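Participant: Quick one: experimental structure and sequence below.
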Amino acid sequence: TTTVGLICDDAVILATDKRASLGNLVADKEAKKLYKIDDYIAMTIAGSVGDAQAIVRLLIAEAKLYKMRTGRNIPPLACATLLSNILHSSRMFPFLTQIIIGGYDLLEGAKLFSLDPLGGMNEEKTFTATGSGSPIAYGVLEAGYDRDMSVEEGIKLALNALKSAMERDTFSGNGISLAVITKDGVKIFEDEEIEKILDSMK
Amino acid sequence: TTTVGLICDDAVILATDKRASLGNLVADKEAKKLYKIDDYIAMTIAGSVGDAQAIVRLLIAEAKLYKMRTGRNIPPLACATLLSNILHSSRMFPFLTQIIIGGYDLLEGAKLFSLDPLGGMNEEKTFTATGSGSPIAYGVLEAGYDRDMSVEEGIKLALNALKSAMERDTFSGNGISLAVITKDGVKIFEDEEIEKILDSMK
Amino acid sequence: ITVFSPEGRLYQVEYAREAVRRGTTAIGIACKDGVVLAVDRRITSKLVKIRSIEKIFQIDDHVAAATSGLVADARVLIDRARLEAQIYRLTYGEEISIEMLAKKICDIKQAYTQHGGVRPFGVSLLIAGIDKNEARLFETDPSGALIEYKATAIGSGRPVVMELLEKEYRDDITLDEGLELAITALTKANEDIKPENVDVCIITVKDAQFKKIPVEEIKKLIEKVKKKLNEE
Amino acid sequence: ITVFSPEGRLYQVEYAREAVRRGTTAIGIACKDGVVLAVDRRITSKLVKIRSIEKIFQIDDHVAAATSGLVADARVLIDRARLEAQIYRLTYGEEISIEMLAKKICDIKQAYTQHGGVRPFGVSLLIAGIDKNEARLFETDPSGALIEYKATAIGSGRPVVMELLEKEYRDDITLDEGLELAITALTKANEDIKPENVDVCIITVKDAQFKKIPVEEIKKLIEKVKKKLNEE
Amino acid sequence: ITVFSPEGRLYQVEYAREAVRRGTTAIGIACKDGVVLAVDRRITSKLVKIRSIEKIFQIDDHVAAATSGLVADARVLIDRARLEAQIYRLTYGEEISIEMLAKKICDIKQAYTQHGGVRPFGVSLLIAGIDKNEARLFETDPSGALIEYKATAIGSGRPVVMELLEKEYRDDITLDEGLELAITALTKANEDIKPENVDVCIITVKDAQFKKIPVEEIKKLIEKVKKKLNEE
Amino acid sequence: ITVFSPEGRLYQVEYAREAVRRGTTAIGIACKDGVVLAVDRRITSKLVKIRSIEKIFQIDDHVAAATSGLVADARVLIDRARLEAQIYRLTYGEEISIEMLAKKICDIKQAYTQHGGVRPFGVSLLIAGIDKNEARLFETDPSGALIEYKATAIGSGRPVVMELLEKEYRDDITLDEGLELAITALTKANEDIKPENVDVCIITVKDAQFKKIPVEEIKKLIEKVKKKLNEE
């Protein structure tokens, strides 16, 4: 339970922590928390599993459908405004869960959207994070982020947020996953290769 | 109330504890917690009996239907994403119970999926276990399991999870059941033969 | 807003039968060793993968059924029997009795008869299975059918064979004995049958299980046939 | 969206009546020892398991009925009388009162008569049971039927025997005295009935219980019949 | 309040068939390398941006279909096929099997046959795609349709080519071997077809994906054509 | 309880069409600088405030449409497009796509075609605006209409101009180039048109916005017209 999104120059980066947290017991040594919905957009779940679980699927369809019914791949800041609505519907109702969505708008470029269980949605211009151990991860970024830090100096800083939180939060911190969405696509990093980086770091 | 799932080379191993636990009182000296839904898939229930109970029948029937309507034996990772959906239907509602589904994908090989009451699902690549006395069994695996092990080295380690938990959990630990799903089928072990093993063991 | 007749019979109902007797033909046969079905698709053009022409449907691990009429009301009636079937296994645990299964969807067909604004089903059905060691066969009518045959046929060449069988059949016939029965029969009504224009399903009581038959098994038996077009 | 007539009578209902007088014949008979039913299936082709040609139904441990009309609407009424039959037993505990059970599905039958979009049931029923030491027999009609006979019959050979019985019945006749009553009667309408073309169901009042008669009891009684075709 | 025929056939249904045989022509072709579709819009006036005359629709990342009949009922069926499909993908995860997807809208279409107050859809469909390494092709009829062709066509010129293909197709033909097939055929029924009056959508099995053909590839292949109007 | 034709066509549908070909005329033209519409109200008597004759409606800041057919079904379709248009903007945030708005009201109109008890709409539509730098035009029909025009017309003198445009239009024509186009066109069908009998509304892609044209601008342009009634 800990994820991170930030805009860095060209595109947008996201990261999680494959740790699942059954109260006292550590339940999943590798729990996916980062999902691609559409060739141009991807999101990150934080919180209620089987809840955020469905909201994924019960959203991916809606995409690879809008896509179809109207060419343009559901422009991200539209799809987002779905969740603000897909959420808020269950306000009267027991919904819940966190969420970050980012994607490269056909034209408007890169975009990054935070999101609460109620339905509050906010476009983040800089960097935002969510997850049991988020405020940890947060300090990192808010004293490690500049307006224009390379396609690299971002996915570095990204990890390092998790590095911190993962090892200063009872709930986060088992393995790590990451993808970067950019104009021409969305890259799910196959575990093995991620690693290289913090090897090439400190 | 204690189950174990793990992948070992070829296929997948599942085991439970035939112990029904009615508060202070030991209610069933032999209660199934391991069901074969389809010729290539099977599962383990943990927790609220009458609840999981139905969830089994209110499922097998959805398998041995999908099999028919479209040949292919409900591909495991598909049948799973039902439960993820089936449960979550009752999120707004009172649902509950644990669950491991383990079956051989027509093509994609062996699969092992974990499942919380809400609807949280994860594919467990290595090993996973659940039950009143899960974290006991767990510890066993997390320090007695190697990528490769064997057909044999699995069902051994397998018992020896239950063996601990079953004698260190007030609620688990009466009798033991075991079946293995592999490409060509699913074997329910008729108690008597199970026993053979820990004899040949220590 | 349906119909009823001016003297004994019933309008739409009998008109919808015709739909069947016009349909593709298909014979079902009982025995003692199991039970096997077969249908004579009349695929003319050869641009249509034969796999699609669905004339026989599985309904449970142990009971299947064969169509004849319009395939409009073929399917819908099966992904619904297939339905009324697992429901039952679910609120009991019993592989649903065949006589029951039949007595269900045939009741449905019957309600569609007598209700405002709804034409009956343009189909008759051939259901066979293993009702606990007892391999049995039934024929459905677009308005109820209590007909448990030891063997019969429906569709195109109904009387052709539905009266061939009329004689030589017998209550001991084995499976490989009934083997030919249908093949030879089916040929009578189809003077020129492609050897795949056809479909074979076996359900042996010897295991409560349903099996297929590959092409050319079909043909290699459609051979004991050229010795039937002679002074007969 | 059904019907009514231009001068007293009633369209569909009577057209639906016919459908019965067309169907298979059937006879039921009261008495004082119980009461018994029998019907004359007219199973022409011998390719059909006589077991599935269902023409008599049990409704409870102590009550049962025999059909006539179309079988589509045979079952649907019984697995609907069978229901309203156990419902009652559950909301009181009383083996449901025959007079009441009848008064029920006959009501139903009626309601389908005056309602938009639905055809009255093509069936007359012969209900017989033990209503507390009182064994009785009723005839239903495709729209209400307050008829409690001492014996009657429906279907094909309605007039043939529903006018044979017209005379020689006695408010005395026993069970084994009404034995031949319905067999002989039944023979009249069907010159040449197979001895299994017929079903028998006995409900002695002396145990509130319902029993079957085996084949060739059927025949060995259809024998006192050849002495009935002589100058009569 | 729809219809049924007085002897086998079925009123509104067939009348609606025609609606199709009157619509635009459409050809679908399977193979072993994937599958390709193409349709002959007959855009008369040249004041209409050809981009709107949608005659073909993608229904998933891996399966799409082509329309023929009235565009009223075209869209509605697909803005609803595109729907049953993604529902499935969320209540399973599986890119929806093709034989099922068909077996859904061709189910609705059947439901619109036998129900109070509603006209069947004026349309036949051609559905193709990649069902797990298996590329296939389906034809729908305004009332149920289990016809899985290796290749076929619907619309204005059904018999022209739906009886050209009759011969020279092969359970071998590749994609670029089937390149021409559909182009060349379609010309047969349309003497003088604008290159762009036509649409081309390719779903290779070699990647489970759906591609487009630009104008002039169209034309540059409508050129192997002037050698087909000679003594033939 | 609507209709369907005995051979391909469809009853009410076309009858509803005529209603349009009888209604008031209207032309919409695309271009490259935006998109402009216009209509020839045929206000005879001069006792009716011309401001009430509503023939062109705004649908959003960026998209608007023009009506033709009966004014009963005019409004209702718009005070409802005007709905399905702000609904979308609400469940997304996007100024609703024009090929989507169209395909919407146009899908409804369709449903009104095939459903028990309800007469399709007596109107064809002209809808245009700025789909993200793309200024487009669409025509609808009382049952589905996938027709994105570079320019067209409906109503009274459909064929008059709908076949004037047929030549001299160009995929280049500018706004003040289509200035005259419609105006001159509209005059052809209406010999003697009042100068306000007409309504003008311009959406420039140069701002995503909707503008109005005052009387006399209309007239002063209906002036280059007296040089058109000369040997042509």
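Facilitator: Received, thanks. Numbering: from 1, shown residues only, chains lettered A, B, ... in the order given.
Participant: Tell me the residue of chain C that sits nearest chain D?
Facilitator: Closest contact between chain C and chain D, by C-beta to the nearest C-beta, is at residue C:116 (2.2 Å). Bear in mind the C-beta positions are built from the backbone N, C-alpha and C, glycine included.
Participant: Touching, that residue and residue C:4? I think so.
Facilitator: No - using C-beta atoms under 8 Å, residue C:116 is not in contact with residue C:4, being 12.0 Å away.
Participant: Spatially nearest residue to the residue of chain C at minimum distance from chain E, not counting backbone neighbours?
Facilitator: In chain C, the residue that lies nearest chain E is residue C:52 (2.7 Å; C-beta to the nearest C-beta). Distances taken as C-beta to C-beta, 6 or more residues apart in numbering or on different chains place residue E:148 nearest to residue C:52, at 2.7 Å, with adjacent residues excluded.
Participant: Whichever helix in chain A runs longest - contacts with which helices or strands?
Facilitator: Longest helix in chain A by number of residues (criterion: DSSP state H): helix A:49-69. Packing partners of helix A:49-69 (3 or more C-beta pairs under 8 Å, 6 or more residues apart in numbering or on different chains; DSSP states H and E): strand A:34-38, helix A:76-88, helix B:76-89, strand B:121-123, strand E:56-60, helix E:81-88.
Participant: in what helix or strand does residue C:166 lie?
Facilitator: Remark: residue C:166 resides in helix C:165-168, with elements defined by DSSP states H and E.
Participant: quick revisit: out of residue C:116 and residue C:4, which sits in the busier spot?
Facilitator: residue C:4 (24 against 15; other C-beta atoms under 10 Å in any protein chain shown).
Participant: Determine the number of other residues adjacent to the residue lying closest to the more buried one once chain neighbours are set aside.
Facilitator: Once flanking residues are discounted, residue C:4 sits nearest to residue D:119: 4.5 Å by C-beta to C-beta, 6+ apart. Residue neighbour count, defined by other C-beta under 10 Å, stands at 26 for residue D:119.
Participant: Surely residue D:119 and residue C:11 touch.
Facilitator: No - applying C-beta under 8 Å, one finds residue D:119 not in contact with residue C:11, separated by 9.7 Å.
Participant: Which neighbours do those two have in common?
Facilitator: Common neighbours of residue D:119 and residue C:11, using C-beta atoms under 8 Å, 6 or more residues apart in numbering or on different chains, are C:3, C:4.
Participant: Can you add distance to chain F and mean neighbour count and give the helices and strands packed on helix A:49-69 back as a markdown table?
Facilitator: Formatted as a markdown table, these follow (distance: least, C-beta to the nearest C-beta, whole Å; neighbours: other C-beta atoms under 10 Å in any protein chain shown):
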| stretch | distance to chain F | mean neighbour count |
| --- | --- | --- |
| strand A:34-38 | 14 | 21 |
| helix A:76-88 | 4 | 21 |
| helix B:76-89 | 22 | 21 |
| strand B:121-123 | 28 | 21 |
| strand E:56-60 | 11 | 22 |
| helix E:81-88 | 12 | 20 |
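Participant: Pull out the buried positions in the helix holding residue C:166.
Facilitator: By 16 or more other C-beta atoms under 10 Å in any protein chain shown, the buried positions in helix C:165-168 come out as residue C:165.
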